[PDB]
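A.B. asks: Structure supplied as upload_17.txt; contents: compact mmCIF, N, CA and C atoms.
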# COMPACT_ATOMS: atom_id res chain seq x y z
N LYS E 2 -8.07 8.14 -14.15
CA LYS E 2 -6.73 7.88 -14.74
C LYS E 2 -6.63 6.39 -15.04
N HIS E 3 -6.40 6.02 -16.30
CA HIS E 3 -6.17 4.60 -16.61
C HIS E 3 -4.67 4.44 -16.76
N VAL E 4 -4.01 4.20 -15.64
CA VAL E 4 -2.56 4.12 -15.59
C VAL E 4 -2.12 3.09 -14.54
N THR E 5 -0.93 2.52 -14.71
CA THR E 5 -0.41 1.57 -13.74
C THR E 5 0.07 2.34 -12.51
N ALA E 6 0.18 1.66 -11.37
CA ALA E 6 0.69 2.30 -10.17
C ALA E 6 2.16 2.74 -10.37
N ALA E 7 2.95 1.95 -11.09
CA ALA E 7 4.37 2.31 -11.30
C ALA E 7 4.51 3.55 -12.20
N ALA E 8 3.62 3.68 -13.18
CA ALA E 8 3.64 4.85 -14.05
C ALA E 8 3.19 6.09 -13.30
N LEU E 9 2.19 5.96 -12.45
CA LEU E 9 1.75 7.11 -11.67
C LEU E 9 2.87 7.51 -10.70
N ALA E 10 3.59 6.54 -10.15
CA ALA E 10 4.72 6.82 -9.24
C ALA E 10 5.79 7.64 -9.99
N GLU E 11 6.03 7.31 -11.27
CA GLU E 11 6.98 8.06 -12.08
C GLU E 11 6.51 9.52 -12.30
N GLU E 12 5.20 9.70 -12.52
CA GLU E 12 4.60 11.04 -12.68
C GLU E 12 4.79 11.86 -11.39
N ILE E 13 4.62 11.21 -10.24
CA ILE E 13 4.81 11.90 -8.94
C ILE E 13 6.30 12.26 -8.79
N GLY E 14 7.19 11.35 -9.20
CA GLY E 14 8.63 11.65 -9.21
C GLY E 14 8.93 12.93 -10.01
N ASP E 15 8.30 13.06 -11.18
CA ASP E 15 8.47 14.25 -12.02
C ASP E 15 7.99 15.51 -11.32
N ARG E 16 6.93 15.38 -10.53
CA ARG E 16 6.39 16.54 -9.78
C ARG E 16 7.40 16.94 -8.71
N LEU E 17 8.02 15.95 -8.07
CA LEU E 17 9.05 16.24 -7.06
C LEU E 17 10.24 16.94 -7.72
N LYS E 18 10.69 16.43 -8.87
CA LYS E 18 11.76 17.09 -9.61
C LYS E 18 11.35 18.55 -9.95
N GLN E 19 10.13 18.76 -10.44
CA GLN E 19 9.70 20.13 -10.81
C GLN E 19 9.67 21.06 -9.59
N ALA E 20 9.14 20.57 -8.47
CA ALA E 20 9.10 21.34 -7.22
C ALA E 20 10.52 21.79 -6.83
N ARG E 21 11.48 20.88 -6.96
CA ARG E 21 12.88 21.16 -6.64
C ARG E 21 13.47 22.25 -7.54
N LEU E 22 13.25 22.10 -8.84
CA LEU E 22 13.77 23.05 -9.82
C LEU E 22 13.18 24.41 -9.60
N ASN E 23 11.89 24.46 -9.24
CA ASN E 23 11.21 25.74 -8.96
C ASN E 23 11.79 26.45 -7.75
N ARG E 24 12.47 25.69 -6.88
CA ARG E 24 13.12 26.22 -5.67
C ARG E 24 14.62 26.47 -5.87
N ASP E 25 15.09 26.27 -7.09
CA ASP E 25 16.49 26.47 -7.47
C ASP E 25 17.45 25.61 -6.66
N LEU E 26 17.01 24.40 -6.31
CA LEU E 26 17.82 23.46 -5.54
C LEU E 26 18.37 22.36 -6.42
N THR E 27 19.55 21.86 -6.08
CA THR E 27 20.13 20.71 -6.77
C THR E 27 19.76 19.44 -5.95
N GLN E 28 19.93 18.26 -6.54
CA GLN E 28 19.65 17.03 -5.81
C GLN E 28 20.62 16.91 -4.63
N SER E 29 21.88 17.32 -4.82
CA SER E 29 22.87 17.27 -3.73
C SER E 29 22.43 18.17 -2.57
N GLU E 30 21.86 19.33 -2.89
CA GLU E 30 21.40 20.29 -1.87
C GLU E 30 20.20 19.69 -1.10
N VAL E 31 19.22 19.14 -1.80
CA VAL E 31 18.08 18.45 -1.14
C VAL E 31 18.56 17.34 -0.23
N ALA E 32 19.53 16.54 -0.72
CA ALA E 32 20.07 15.44 0.07
C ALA E 32 20.78 15.94 1.34
N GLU E 33 21.57 17.00 1.21
CA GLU E 33 22.27 17.56 2.36
C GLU E 33 21.28 18.06 3.42
N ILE E 34 20.23 18.75 2.97
CA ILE E 34 19.22 19.28 3.89
C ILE E 34 18.50 18.17 4.66
N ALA E 35 18.08 17.15 3.93
CA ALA E 35 17.35 16.04 4.52
C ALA E 35 18.28 15.04 5.25
N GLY E 36 19.59 15.18 5.06
CA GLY E 36 20.55 14.26 5.66
C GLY E 36 20.51 12.86 5.06
N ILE E 37 20.32 12.76 3.75
CA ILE E 37 20.32 11.45 3.05
C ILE E 37 21.30 11.46 1.87
N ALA E 38 21.45 10.32 1.21
CA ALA E 38 22.35 10.23 0.08
C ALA E 38 21.76 10.87 -1.17
N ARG E 39 22.60 11.50 -1.99
CA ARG E 39 22.13 12.10 -3.24
C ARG E 39 21.41 11.05 -4.15
N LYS E 40 21.95 9.83 -4.22
CA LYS E 40 21.33 8.74 -4.99
C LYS E 40 19.86 8.45 -4.59
N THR E 41 19.54 8.65 -3.31
CA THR E 41 18.21 8.42 -2.77
C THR E 41 17.25 9.45 -3.33
N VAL E 42 17.73 10.68 -3.49
CA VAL E 42 16.89 11.75 -4.04
C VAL E 42 16.69 11.49 -5.54
N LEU E 43 17.77 11.09 -6.21
CA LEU E 43 17.74 10.79 -7.65
C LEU E 43 16.67 9.72 -7.90
N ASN E 44 16.73 8.64 -7.13
CA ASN E 44 15.75 7.56 -7.24
C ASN E 44 14.33 8.01 -6.98
N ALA E 45 14.16 8.83 -5.95
CA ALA E 45 12.83 9.38 -5.68
C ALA E 45 12.24 10.13 -6.88
N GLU E 46 13.07 10.85 -7.60
CA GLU E 46 12.58 11.62 -8.74
C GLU E 46 12.22 10.71 -9.92
N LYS E 47 12.60 9.44 -9.82
CA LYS E 47 12.21 8.44 -10.81
C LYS E 47 10.96 7.67 -10.33
N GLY E 48 10.43 8.01 -9.15
CA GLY E 48 9.28 7.31 -8.57
C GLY E 48 9.66 6.11 -7.69
N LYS E 49 10.93 5.97 -7.35
CA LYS E 49 11.40 4.84 -6.56
C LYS E 49 11.85 5.35 -5.20
N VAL E 50 10.94 5.28 -4.22
CA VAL E 50 11.23 5.83 -2.90
C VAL E 50 10.29 5.23 -1.82
N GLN E 51 10.81 5.09 -0.61
CA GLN E 51 10.04 4.63 0.55
C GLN E 51 9.30 5.88 1.06
N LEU E 52 8.10 5.70 1.62
CA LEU E 52 7.26 6.81 2.11
C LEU E 52 7.96 7.75 3.10
N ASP E 53 8.61 7.22 4.15
CA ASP E 53 9.24 8.13 5.13
C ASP E 53 10.34 8.99 4.47
N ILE E 54 11.07 8.39 3.54
CA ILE E 54 12.13 9.09 2.81
C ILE E 54 11.54 10.17 1.93
N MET E 55 10.43 9.88 1.26
CA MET E 55 9.78 10.85 0.41
C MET E 55 9.31 12.03 1.24
N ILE E 56 8.75 11.74 2.41
CA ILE E 56 8.28 12.81 3.31
C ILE E 56 9.47 13.68 3.74
N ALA E 57 10.63 13.06 4.00
CA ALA E 57 11.81 13.82 4.43
C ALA E 57 12.28 14.75 3.30
N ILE E 58 12.20 14.27 2.07
CA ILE E 58 12.52 15.07 0.89
C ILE E 58 11.55 16.24 0.78
N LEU E 59 10.26 15.96 0.91
CA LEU E 59 9.25 17.02 0.87
C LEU E 59 9.44 18.09 1.99
N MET E 60 9.84 17.65 3.17
CA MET E 60 10.11 18.57 4.28
C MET E 60 11.28 19.49 3.93
N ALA E 61 12.27 18.96 3.23
CA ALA E 61 13.41 19.73 2.76
C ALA E 61 13.00 20.81 1.75
N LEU E 62 11.92 20.58 1.00
CA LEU E 62 11.39 21.56 0.05
C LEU E 62 10.28 22.44 0.64
N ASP E 63 9.99 22.27 1.93
CA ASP E 63 8.93 22.99 2.62
C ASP E 63 7.63 22.71 1.88
N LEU E 64 7.41 21.42 1.60
CA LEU E 64 6.25 21.02 0.85
C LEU E 64 5.53 19.86 1.56
N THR E 65 5.25 20.03 2.84
CA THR E 65 4.51 19.00 3.60
C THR E 65 3.21 19.52 4.20
N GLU E 66 2.92 20.82 4.07
CA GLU E 66 1.67 21.34 4.64
C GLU E 66 0.42 20.74 3.97
N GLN E 67 0.53 20.36 2.70
CA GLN E 67 -0.63 19.79 2.00
C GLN E 67 -0.97 18.40 2.48
N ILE E 68 0.00 17.73 3.10
CA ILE E 68 -0.21 16.36 3.55
C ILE E 68 -1.36 16.21 4.55
N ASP E 69 -1.71 17.29 5.26
CA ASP E 69 -2.82 17.27 6.22
C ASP E 69 -4.14 16.94 5.47
N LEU E 70 -4.16 17.29 4.18
CA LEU E 70 -5.30 17.08 3.30
C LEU E 70 -5.31 15.72 2.59
N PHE E 71 -4.29 14.89 2.80
CA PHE E 71 -4.18 13.59 2.14
C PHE E 71 -4.87 12.50 2.95
N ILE E 72 -5.92 11.93 2.35
CA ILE E 72 -6.80 10.93 2.99
C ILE E 72 -7.02 11.17 4.51
N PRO E 73 -7.40 12.40 4.88
CA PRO E 73 -7.48 12.73 6.30
C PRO E 73 -8.71 12.19 7.01
N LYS E 74 -8.72 12.32 8.33
CA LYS E 74 -9.86 11.89 9.11
C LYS E 74 -9.50 11.89 10.58
N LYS B 2 3.06 22.78 12.32
CA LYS B 2 3.10 21.31 12.08
C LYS B 2 4.52 20.79 12.31
N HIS B 3 4.90 20.63 13.57
CA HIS B 3 6.26 20.19 13.90
C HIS B 3 6.30 18.70 14.19
N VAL B 4 6.54 17.91 13.14
CA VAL B 4 6.58 16.44 13.23
C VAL B 4 7.72 15.84 12.39
N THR B 5 8.16 14.65 12.75
CA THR B 5 9.21 13.98 12.00
C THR B 5 8.62 13.28 10.76
N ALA B 6 9.50 12.96 9.81
CA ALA B 6 9.12 12.23 8.61
C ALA B 6 8.59 10.83 9.01
N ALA B 7 9.26 10.18 9.96
CA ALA B 7 8.83 8.84 10.43
C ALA B 7 7.42 8.89 11.04
N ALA B 8 7.17 9.89 11.88
CA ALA B 8 5.88 10.05 12.50
C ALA B 8 4.78 10.31 11.47
N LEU B 9 5.08 11.15 10.50
CA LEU B 9 4.14 11.45 9.48
C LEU B 9 3.83 10.20 8.60
N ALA B 10 4.84 9.37 8.32
CA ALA B 10 4.61 8.15 7.54
C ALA B 10 3.66 7.22 8.32
N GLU B 11 3.84 7.15 9.64
CA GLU B 11 2.99 6.32 10.47
C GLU B 11 1.54 6.85 10.50
N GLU B 12 1.38 8.17 10.50
CA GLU B 12 0.07 8.82 10.48
C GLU B 12 -0.63 8.48 9.15
N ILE B 13 0.13 8.47 8.06
CA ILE B 13 -0.41 8.11 6.73
C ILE B 13 -0.83 6.64 6.75
N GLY B 14 -0.03 5.79 7.40
CA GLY B 14 -0.39 4.38 7.55
C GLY B 14 -1.76 4.24 8.22
N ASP B 15 -1.97 4.97 9.30
CA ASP B 15 -3.23 4.93 10.04
C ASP B 15 -4.40 5.45 9.19
N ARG B 16 -4.13 6.44 8.35
CA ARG B 16 -5.16 6.97 7.43
C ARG B 16 -5.54 5.94 6.37
N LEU B 17 -4.54 5.17 5.91
CA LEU B 17 -4.80 4.12 4.93
C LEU B 17 -5.67 3.05 5.59
N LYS B 18 -5.32 2.68 6.83
CA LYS B 18 -6.12 1.72 7.60
C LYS B 18 -7.58 2.17 7.75
N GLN B 19 -7.81 3.41 8.17
CA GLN B 19 -9.19 3.89 8.38
C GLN B 19 -9.97 4.06 7.06
N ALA B 20 -9.27 4.39 5.97
CA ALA B 20 -9.92 4.47 4.64
C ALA B 20 -10.41 3.07 4.26
N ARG B 21 -9.59 2.05 4.52
CA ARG B 21 -9.94 0.66 4.24
C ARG B 21 -11.14 0.17 5.07
N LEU B 22 -11.14 0.52 6.35
CA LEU B 22 -12.20 0.13 7.28
C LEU B 22 -13.52 0.82 6.92
N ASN B 23 -13.43 2.08 6.50
CA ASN B 23 -14.61 2.82 6.07
C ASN B 23 -15.25 2.22 4.81
N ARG B 24 -14.49 1.42 4.07
CA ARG B 24 -14.99 0.76 2.86
C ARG B 24 -15.37 -0.71 3.12
N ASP B 25 -15.27 -1.12 4.40
CA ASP B 25 -15.57 -2.48 4.83
C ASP B 25 -14.68 -3.53 4.19
N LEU B 26 -13.42 -3.19 4.01
CA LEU B 26 -12.47 -4.11 3.38
C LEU B 26 -11.49 -4.66 4.39
N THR B 27 -11.04 -5.89 4.18
CA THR B 27 -9.99 -6.46 5.03
C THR B 27 -8.62 -6.21 4.36
N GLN B 28 -7.53 -6.44 5.09
CA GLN B 28 -6.18 -6.32 4.52
C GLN B 28 -6.01 -7.34 3.39
N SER B 29 -6.52 -8.55 3.61
CA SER B 29 -6.47 -9.61 2.61
C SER B 29 -7.18 -9.20 1.34
N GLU B 30 -8.36 -8.58 1.48
CA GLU B 30 -9.17 -8.13 0.31
C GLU B 30 -8.48 -6.99 -0.49
N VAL B 31 -7.83 -6.07 0.20
CA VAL B 31 -7.07 -4.99 -0.47
C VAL B 31 -5.91 -5.61 -1.26
N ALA B 32 -5.19 -6.53 -0.63
CA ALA B 32 -4.07 -7.21 -1.28
C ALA B 32 -4.56 -7.90 -2.54
N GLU B 33 -5.66 -8.65 -2.43
CA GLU B 33 -6.26 -9.34 -3.58
C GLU B 33 -6.57 -8.42 -4.74
N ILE B 34 -7.26 -7.32 -4.45
CA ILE B 34 -7.64 -6.33 -5.48
C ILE B 34 -6.41 -5.72 -6.15
N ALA B 35 -5.41 -5.40 -5.34
CA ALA B 35 -4.20 -4.77 -5.85
C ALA B 35 -3.20 -5.78 -6.43
N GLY B 36 -3.41 -7.06 -6.17
CA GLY B 36 -2.52 -8.10 -6.70
C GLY B 36 -1.16 -8.12 -6.02
N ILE B 37 -1.16 -7.85 -4.71
CA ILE B 37 0.05 -7.85 -3.89
C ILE B 37 -0.14 -8.75 -2.66
N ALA B 38 0.93 -8.91 -1.89
CA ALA B 38 0.89 -9.74 -0.69
C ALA B 38 0.16 -9.05 0.45
N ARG B 39 -0.49 -9.87 1.27
CA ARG B 39 -1.17 -9.38 2.45
C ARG B 39 -0.19 -8.64 3.38
N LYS B 40 1.00 -9.20 3.56
CA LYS B 40 1.97 -8.59 4.45
C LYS B 40 2.37 -7.19 3.95
N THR B 41 2.31 -6.98 2.64
CA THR B 41 2.69 -5.68 2.08
C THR B 41 1.69 -4.62 2.51
N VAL B 42 0.42 -5.01 2.58
CA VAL B 42 -0.64 -4.09 3.01
C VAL B 42 -0.51 -3.83 4.52
N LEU B 43 -0.25 -4.90 5.27
CA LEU B 43 -0.08 -4.81 6.72
C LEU B 43 1.04 -3.82 7.06
N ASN B 44 2.19 -3.96 6.39
CA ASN B 44 3.30 -3.04 6.58
C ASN B 44 3.00 -1.61 6.18
N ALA B 45 2.22 -1.43 5.11
CA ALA B 45 1.86 -0.10 4.64
C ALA B 45 1.02 0.65 5.68
N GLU B 46 0.14 -0.08 6.37
CA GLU B 46 -0.70 0.55 7.38
C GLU B 46 0.10 0.92 8.66
N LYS B 47 1.35 0.47 8.72
CA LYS B 47 2.27 0.88 9.78
C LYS B 47 3.22 2.01 9.26
N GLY B 48 3.01 2.43 8.01
CA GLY B 48 3.81 3.53 7.39
C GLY B 48 5.04 3.04 6.63
N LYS B 49 5.16 1.72 6.44
CA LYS B 49 6.33 1.12 5.78
C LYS B 49 5.88 0.69 4.41
N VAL B 50 6.16 1.52 3.42
CA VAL B 50 5.65 1.25 2.09
C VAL B 50 6.39 2.07 1.03
N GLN B 51 6.54 1.50 -0.17
CA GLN B 51 7.13 2.17 -1.31
C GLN B 51 6.04 2.97 -1.99
N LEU B 52 6.43 4.05 -2.67
CA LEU B 52 5.46 4.91 -3.37
C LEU B 52 4.53 4.16 -4.35
N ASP B 53 5.09 3.29 -5.19
CA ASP B 53 4.26 2.62 -6.18
C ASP B 53 3.22 1.69 -5.49
N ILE B 54 3.62 1.09 -4.38
CA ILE B 54 2.74 0.19 -3.63
C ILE B 54 1.65 0.98 -2.93
N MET B 55 1.99 2.15 -2.39
CA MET B 55 0.99 3.02 -1.78
C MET B 55 -0.08 3.42 -2.82
N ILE B 56 0.37 3.73 -4.04
CA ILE B 56 -0.53 4.11 -5.15
C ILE B 56 -1.46 2.95 -5.53
N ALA B 57 -0.91 1.74 -5.62
CA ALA B 57 -1.70 0.54 -5.88
C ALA B 57 -2.78 0.34 -4.81
N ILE B 58 -2.44 0.60 -3.55
CA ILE B 58 -3.40 0.50 -2.43
C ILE B 58 -4.48 1.55 -2.58
N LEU B 59 -4.09 2.79 -2.91
CA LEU B 59 -5.08 3.85 -3.17
C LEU B 59 -6.03 3.48 -4.33
N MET B 60 -5.48 2.88 -5.38
CA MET B 60 -6.27 2.44 -6.53
C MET B 60 -7.29 1.36 -6.11
N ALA B 61 -6.86 0.43 -5.26
CA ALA B 61 -7.74 -0.62 -4.72
C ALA B 61 -8.89 -0.02 -3.89
N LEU B 62 -8.66 1.10 -3.21
CA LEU B 62 -9.67 1.78 -2.41
C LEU B 62 -10.46 2.85 -3.21
N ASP B 63 -10.18 2.96 -4.51
CA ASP B 63 -10.80 3.97 -5.38
C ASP B 63 -10.51 5.37 -4.81
N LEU B 64 -9.25 5.60 -4.45
CA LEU B 64 -8.78 6.87 -3.88
C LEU B 64 -7.54 7.40 -4.65
N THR B 65 -7.35 6.93 -5.87
CA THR B 65 -6.17 7.30 -6.67
C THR B 65 -5.92 8.81 -6.75
N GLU B 66 -6.98 9.60 -6.96
CA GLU B 66 -6.84 11.08 -7.07
C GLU B 66 -6.28 11.76 -5.82
N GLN B 67 -6.44 11.12 -4.66
CA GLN B 67 -5.87 11.64 -3.43
C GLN B 67 -4.35 11.83 -3.54
N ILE B 68 -3.69 11.12 -4.47
CA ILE B 68 -2.23 11.28 -4.62
C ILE B 68 -1.89 12.73 -4.95
N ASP B 69 -2.82 13.44 -5.57
CA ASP B 69 -2.63 14.88 -5.91
C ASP B 69 -2.59 15.79 -4.66
N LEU B 70 -3.00 15.25 -3.51
CA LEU B 70 -2.90 15.96 -2.22
C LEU B 70 -1.58 15.52 -1.48
N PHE B 71 -0.89 14.51 -2.01
CA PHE B 71 0.40 14.08 -1.45
C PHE B 71 1.48 14.95 -2.11
N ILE B 72 1.47 15.01 -3.44
CA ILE B 72 2.35 15.92 -4.19
C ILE B 72 1.52 16.53 -5.31
N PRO B 73 1.09 17.80 -5.16
CA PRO B 73 0.32 18.40 -6.24
C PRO B 73 1.07 18.61 -7.56
N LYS B 74 0.32 18.76 -8.63
CA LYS B 74 0.90 19.06 -9.92
C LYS B 74 1.67 20.36 -9.71
N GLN B 75 2.77 20.53 -10.43
CA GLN B 75 3.61 21.72 -10.30
C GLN B 75 3.72 22.44 -11.65
N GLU B 76 3.71 23.77 -11.62
CA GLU B 76 3.91 24.55 -12.84
C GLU B 76 5.41 24.69 -13.07
N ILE B 77 5.82 25.19 -14.23
CA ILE B 77 7.25 25.42 -14.49
C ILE B 77 7.70 26.73 -13.83
Rewrite the coordinates I just gave you, this time as structure tokens.

C.D. replies:
Amino acid sequence: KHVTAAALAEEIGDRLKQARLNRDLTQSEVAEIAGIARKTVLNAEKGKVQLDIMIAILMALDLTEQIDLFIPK
Amino acid sequence: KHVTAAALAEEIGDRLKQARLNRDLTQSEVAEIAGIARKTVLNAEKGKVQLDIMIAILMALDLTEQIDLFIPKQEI
């Protein structure tokens, strides 16, 4: 991939948005589940998010089982 | 897999650290390659990092594709 880190972060944000839509959830619903502000979820879907917050969002979508496979050892 | 988001971020920090060590790189050298501050790398290895910065660190370690195991591509 010949892409900047910020552009790839935006692509990951889009994947998070798609995962959410596939689960028929709104940003407000994801925020309520994770116990965070709706604005924080909105920002995450733009690629602007802290790692622990992103993980909390993913846990709200039941999408953290793959993380065991991320740079493991 | 019953763990908190904070704990999991810290576990990812430790994985970033061991990926770096396996490549014989220092924190200073990763920062240099990625064009960021040393302290930013130090904090990332403790699990304190923004998504774009984590990606830049992965790119410095030639592990960019691993991001697809953090959030896979999604169909409609």

A.B. asks: Apply DSSP to the structure's backbone, then extract all residues of chain B labelled helix (DSSP H, G or I) and return them as number ranges by chain.

C.D. replies: B: 6-23, 28-35, 39-45, 52-61, 65-70

A.B. asks: Can you pull out every residue within 10 Å of residue 6 of chain B, counting only C-alpha atoms, but drop anything in the same chain fewer than 3 positions away, and send it as a list in words?

C.D. replies: residues 35, 52, 53, 54, 55, 56, 57, 58, 59, 60 and 65 of chain E; 3, 9, 10, 11 and 12 of chain B

A.B. asks: I want to know what sits within 7 Å of residue 70 of chain B, based on only C-alpha atoms, with residues of the same chain fewer than 4 positions away left out; could you give that as a list in words?

C.D. replies: residues 67, 68, 70 and 71 of chain E

A.B. asks: Pick out the residues sitting within 9 Å of residue 66 of chain B, and hand them over as a PDB file with N, CA and C atoms, keeping the file's coordinate frame; count only C-alpha atoms, and ignore anything fewer than 6 positions along from it in its own chain.

C.D. replies:
ATOM      1  N   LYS E   2      -8.070   8.140 -14.150  1.00  0.00           N
ATOM      2  CA  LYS E   2      -6.730   7.880 -14.740  1.00  0.00           C
ATOM      3  C   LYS E   2      -6.630   6.390 -15.040  1.00  0.00           C
TER       4      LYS E   2
ATOM      5  N   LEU B  59      -4.090   2.790  -2.910  1.00  0.00           N
ATOM      6  CA  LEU B  59      -5.080   3.850  -3.170  1.00  0.00           C
ATOM      7  C   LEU B  59      -6.030   3.480  -4.330  1.00  0.00           C
ATOM      8  N   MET B  60      -5.480   2.880  -5.380  1.00  0.00           N
ATOM      9  CA  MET B  60      -6.270   2.440  -6.530  1.00  0.00           C
ATOM     10  C   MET B  60      -7.290   1.360  -6.110  1.00  0.00           C
TER      11      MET B  60
END

A.B. asks: Of the residues B:42, B:62, B:26, B:8, which is the one nearest to chain E, using all atoms listed in the file?

C.D. replies: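 Result for the nearest residue to chain E: B:8.
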
A.B. asks: Between atom CA of residue 54 of chain B and atom CA of residue 13 of chain E, what distance in Å does the model show, to one decimal?

C.D. replies: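 Separating atom CA of residue 54 of chain B from atom CA of residue 13 of chain E is a distance of 13.0 Å.
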
A.B. asks: Atom N of residue 39 of chain B and atom C of residue 41 of chain E are how many Å apart?

C.D. replies: 26.6 Å

A.B. asks: List the spatial neighbours of residue 73 of chain E as a list in words - criterion: any atom at most 8 Å away, all atoms listed in the file, same-chain residues fewer than 5 positions off excluded.

C.D. replies: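 Returned residues: residues 68 of chain E; 16, 17 and 20 of chain B.
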
A.B. asks: Mind checking which residues fall within 7 Å of residue 72 of chain B, counting all atoms listed in the file, ignoring those fewer than 5 positions away in the same chain, and posting them as a list in words?

C.D. replies: residues 13, 16 and 17 of chain E; 67 of chain B

A.B. asks: Please compute the atom CA of residue 4 of chain B-atom CA of residue 27 of chain B distance, one decimal, in Å.

C.D. replies: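 Result for atom CA of residue 4 of chain B versus atom CA of residue 27 of chain B: 29.4 Å, one decimal.
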
A.B. asks: Find the residues of chain B in contact range of chain E, meaning any atom within 6.5 Å when counting all atoms listed in the file, and list them as a list in words.

C.D. replies: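 For chain B, the answer reads residues 6, 7, 10, 16, 48, 49, 50, 51, 52, 53, 54, 56, 57, 67, 70, 71, 73, 74, 75 and 77 of chain B.
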
A.B. asks: Produce the centre coordinates and the three edge lengths, each in Å to one decimal, of the box along x, y and z that contains all listed atoms of segment 14-31 of chain E with 3 Å added on each side, as lines of an AutoDock Vina configuration file.

C.D. replies:
center_x = 14.6
center_y = 18.9
center_z = -6.1
size_x = 22.5
size_y = 21.1
size_z = 17.8

A.B. asks: For residue 37 of chain B, which residue out of B:68, B:22, B:55, B:13 is the nearest one, using only C-alpha atoms?

C.D. replies: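 Result for the nearest residue to residue 37 of chain B: B:55.
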